[PDB]
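This report refers to the structure that appears directly beneath it.
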Amino acid sequence: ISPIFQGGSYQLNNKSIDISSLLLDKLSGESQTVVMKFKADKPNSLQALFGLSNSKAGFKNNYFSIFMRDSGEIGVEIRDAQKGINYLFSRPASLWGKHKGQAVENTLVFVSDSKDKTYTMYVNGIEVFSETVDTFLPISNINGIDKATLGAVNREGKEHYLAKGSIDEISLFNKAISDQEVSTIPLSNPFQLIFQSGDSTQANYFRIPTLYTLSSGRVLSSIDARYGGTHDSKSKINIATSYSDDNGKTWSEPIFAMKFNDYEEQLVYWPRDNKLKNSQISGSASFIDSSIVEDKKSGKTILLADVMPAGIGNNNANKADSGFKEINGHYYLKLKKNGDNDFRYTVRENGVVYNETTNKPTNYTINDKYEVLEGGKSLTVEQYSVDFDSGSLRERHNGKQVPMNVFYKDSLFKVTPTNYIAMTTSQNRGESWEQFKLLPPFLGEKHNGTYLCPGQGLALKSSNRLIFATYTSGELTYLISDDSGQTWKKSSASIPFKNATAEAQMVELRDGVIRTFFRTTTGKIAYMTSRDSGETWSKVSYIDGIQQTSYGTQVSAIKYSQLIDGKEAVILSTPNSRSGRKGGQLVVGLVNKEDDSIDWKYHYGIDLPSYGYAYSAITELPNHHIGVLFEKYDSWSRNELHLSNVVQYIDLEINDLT
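In this note's numbering, each number is its position in the sequence shown, counted from 1, plus 6.
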């Protein structure tokens with residue numbers, strides 16, 4: 007239908023614009039839709055874009071507003087003191103500020119639906135909240151409304167929440183427009199989604215993006231598909247992948263690289279309230295933190311990720327056990343049978359389950375999918391599903407049988423509850439993935455596994471060497487393969503931090519010379535250098551000119567193929583903030599050929615200093631553009647948990663950065 011009111015080109019310069027005479031007499035009925043196209047690249051801390059209020063003395067709390075914060079949060083207030091109603095609905099990290107030196111036109115759609123008693127907000131084609139209430143308050147039914155305002159709310163005759171920005175277009179409808187109609191509204195998005203709520207993964211949340219450009223020109227991406235909100239393991243998380251054959255313009259429907267089936271793939275809206283937001287799926291196995299590399303010789307794509315048994319995460323993982331038993335310089339996966347209090351079994355040659363106590367083979371075997379067979383017959387367990395129907399998180403059997411896996415809660419034979427690393431490969435550049443296999447332990451029988459550094463592995467340009475960085479307490483542990491990932495050895499590099507999440511990414515500065523950039527506990531990104539293809543490593547130095555928080559954030563890094571200002575270039579991606587995960591930047595460093603030192607010469611701001619930017623992936627696209635897939639929110643903040651569609655993709659050119 008046609009709008010009851012439509013206006014545009016409104017400049018909000020800390021001075022409200024009164025549109026009462028244009029709009030108030032046109033409002034009718036209990037349902038309304040507001041469509042607003044707006045810019046704000048220099049917002050005040052808290053500002054109202056649109057207001058309907060009772061501006062009379064004594065009615066200060068009778069108003070409707072659409073507001074935003076300089077954090078990028080968007081929301082509404084719907085308040086009527088006589089009715090005793092004070093609704094506040096909002097979501098952090100819903101907005102764009104600037105892209106390539108230009109203010110971004112955000113397209114906001116707010117639907118106030120009396121029939122279903124629901125208020126729904128979309129921004130840039132993404133639903134950011136949908137709130138159903140017992141007692142509906144139509145925005146036009148607030149007692150004594152006498153003002154309609156842009157760029158403030160008029161309360162007791164004064165301008166509150168003054169805004170800096172512009173409203174290019176605003177439209178109001180006396181109808182709650184349908185989900186279908188919303189989808190038809192044109193958008194001006196600076197970003198794309200590769201993974202998103204409702205896609206083939208059926209995860210409502212995603213974290214830990216990766217990107218890697220393959221030799222064919224295909225660009226591949228992996229990610230954590232996180233089902234139980236955005237929580238780290240313990241949870242249900244799978245690793246998903248998608249690729250682009252057109253320089254990032256379009257992306258394939260995701261598939262899984264690594265997945266477990268003990269719990270259903272459920273699209274769930276995770277509670278964001280203070281009582282329930284820490285609810286965590288507690289009985290599911292999961293994968294977490296993937297990394298990809300391409301092997302030139304075999305042409306294989308290799309993907310590693312951490313593997314967590316049912317109910318296990320970093321916090322509760324057995325720190326003094328690898329999960330393997332060494333027997334004659336060979337490692338065997340240990341198993342515990344239900345009823346036993348110790349691990350009396352190992353998985354020997356050909357998947358045979360062997361009793362270590364009696365030194366006899368059993369009638370059980372483990373297949374290549376880590377599934378349990380008895381006398382050759384596949385055992386099953388019942389799958390779990392999760393719900394909040396009862397007011398709290400419940401995990402319960404759903405009637406479906408799935409193969410019994412040694413990583414599952416219900417399995418007859420269980421692995422040691424600690425963290426592992428697994429590897430899978432693809433022989434068709436991400437169209438399908440093989441069954442994963444566990445890597446061996448690298449730091450001995452009685453040390454838990456190291457943690458994979460998410461992002462890219464490194465394929466040395468002048469040899470067949472492949473390297474994946476990992477970390478543990480007190481060191482980076484580089485995993486090195488010269489045979490297409492068939493066998494691995496470690497190279498340890500001590501770092502002067504205990505208990506750091508030392509996520510590290512590598513660039514080959516020149517043949518045989520690797521620089522590794524990594525997260526620390528000091529507020530500065532660190533680096534170390536190898537001049538022998540990763541055999542040995544320098545002491546740790548720090549990058550001046552970029553700030554991180556004390557807890558740090560993953561940093562991505564590539565070696566750019568083209569000269570910049572006549573020099574070899576490295577590009578880093580990281581938040582640049584001592585305060586939070588925000589102020590995302592790409593930082594261009596020029597290498598000095600004399601001493602391999604790097605002049606960090608250009609800093610490109612991804613969006614506002616105050617807008618969220620966390621884990622990130624960068625790659626040089628085949629056309630020499632840069633693709634960036636990143637968490638556009640503060641993935642540390644306890645206020646920004648469980649947001650959907652915030653991992654986003656953009657395309658940049660070197661000219662944009664410099």
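Each residue gets a CB set at the ideal place from its N, CA and C atoms; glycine is no exception.
Please identify the residue among the options whose C-alpha is closest to the C-alpha of residue i.
| i | options | result |
| --- | --- | --- |
| residue 45 | 242, 390 and 130 | 130 |
| residue 628 | 250, 403 and 459 | 250 |
| residue 3 | 416, 451, 323 and 441 | An answer regarding residue 3 cannot be provided, because it is not within the stretch 7 to 664 covered by the chain. |
| residue 641 | 237, 34 and 177 | 237 |
| residue 91 | 61, 147 and 132 | 147 |
| residue 470 | 409, 300, 519 and 374 | 300 |
| residue 240 | 190, 312 and 455 | 312 |
| residue 185 | 116, 392 and 149 | 116 |
| residue 206 | 232, 287 and 276 | 232 |
| residue 305 | 482, 637, 436 and 546 | 436 |
| residue 375 | 365, 357, 62 and 656 | 357 |
| residue 599 | 575, 581 and 545 | 575 |
| residue 486 | 445, 504 and 506 | 445 |
| residue 152 | 60, 169 and 503 | 60 |
| residue 494 | 460, 428 and 438 | 428 |
| residue 188 | 270, 51 and 114 | 114 |
| residue 320 | 39, 102 and 295 | 295 |
Using beta-carbon positions only, say whether residue i and residue j come within less than 7 angstroms of one another.
| i | j | result |
| --- | --- | --- |
| residue 514 | residue 573 | no |
| residue 595 | residue 606 | yes |
| residue 442 | residue 456 | no |
| residue 83 | residue 71 | yes |
| residue 664 | residue 619 | no |
| residue 520 | residue 536 | yes |
| residue 298 | residue 282 | no |
| residue 377 | residue 409 | yes |
| residue 176 | residue 42 | yes |
| residue 474 | residue 463 | yes |
| residue 414 | residue 268 | yes |
| residue 198 | residue 651 | no |
| residue 362 | residue 369 | no |
| residue 472 | residue 465 | yes |
| residue 623 | residue 216 | yes |
| residue 287 | residue 234 | yes |
| residue 17 | residue 172 | yes |
| residue 48 | residue 613 | no |
| residue 324 | residue 247 | no |
| residue 497 | residue 540 | yes |
Hey, quick one: how far does the alpha helix (DSSP H) through residue i stretch, first residue to last?
| i | result |
| --- | --- |
| residue 369 | Looking at the DSSP string, residue 369 is not in any alpha helix (DSSP H); the run it does join, the beta strand (DSSP E), is 366 to 372. |
| residue 660 | 660 to 663 |
| residue 273 | Segment: none, residue 273 is in no alpha helix (DSSP H) and carries neither H nor E. |
| residue 288 | Run containing residue 288: none; DSSP gives neither H nor E here. |
| residue 29 | 26 to 29 |
Since residue i is in the beta strand (DSSP E), which residue starts that stretch and which ends it?
| i | result |
| --- | --- |
| residue 605 | 604 to 611 |
| residue 295 | 292 to 300 |
| residue 544 | Segment: none, residue 544 is in no beta strand (DSSP E) and carries neither H nor E. |
| residue 466 | Unbroken run through residue 466: none, as it is neither H nor E. |
| residue 578 | 573 to 581 |
| residue 624 | 622 to 626 |
| residue 15 | 11 to 19 |
| residue 400 | 400 to 409 |
| residue 568 | 562 to 570 |
| residue 312 | 307 to 314 |
| residue 633 | 632 to 637 |
| residue 590 | 590 to 597 |
| residue 428 | 426 to 432 |
| residue 341 | 337 to 343 |
| residue 134 | 132 to 138 |
| residue 363 | Run containing residue 363: none; DSSP gives neither H nor E here. |
>> I want to know whether the stretch 311 to 325 touches the stretch 290 to 298 - three or more CB-CB distances under 8 angstroms.
In response: The stretch 311 to 325, when compared against the stretch 290 to 298, does touch it at the 8 angstroms Cβ threshold.
> If we count Cβ pairs, one from each stretch, closer than 8 angstroms, do we get three or more for the stretch 30 to 42 versus the stretch 175 to 182?
Replying inline: yes
> Does the stretch 346 to 355 come close enough to the stretch 477 to 493 to have 3 or more Cβ pairs within less than 8 angstroms?
Replying inline: no
> Taking the runs of the alpha helix (DSSP H) that are 4 residues or longer, which of them lie wholly in the stretch 31 to 109?
Replying inline: Segments of the alpha helix (DSSP H) lying fully in the stretch 31 to 109: there are none.
> Counting pairs of beta carbons, one from the stretch 385 to 392 and one from the stretch 403 to 418, are three or more of them closer than 8 angstroms?
Replying inline: yes
> Which runs of the beta strand (DSSP E) fall wholly inside the stretch 235 to 268 and span at least 3 residues, in chain order?
Replying inline: 243 to 250 and 261 to 264, all fully within the stretch 235 to 268.
> How about the stretch 504 to 520 and the stretch 321 to 337: do they share at least three Cβ pairs that are nearer than 8 angstroms?
Replying inline: no
>> Can you confirm whether the stretch 552 to 562 touches the stretch 525 to 538 when touching is taken to mean that 3 or more C-beta pairs between the two stretches lie within less than 8 angstroms?
In response: yes
>> If we require 4 or more residues per run, which alpha helix (DSSP H) segments fall completely within the stretch 158 to 231?
In response: 185 to 190
>> Under 8 angstroms, with one C-beta from each stretch per pair, do the stretch 46 to 56 and the stretch 150 to 160 reach the 3-pair mark?
In response: At 8 angstroms Cβ cutoff, the stretches touch.
> Quick one: complete alpha helix (DSSP H) runs, 4+ long, within the stretch 456 to 527?
Replying inline: Fully enclosed alpha helix (DSSP H) runs of 4 or longer: not present.
> Is the stretch 273 to 281 touching the stretch 254 to 264, taking contact as three or more C-beta pairs under 8 angstroms?
Replying inline: no
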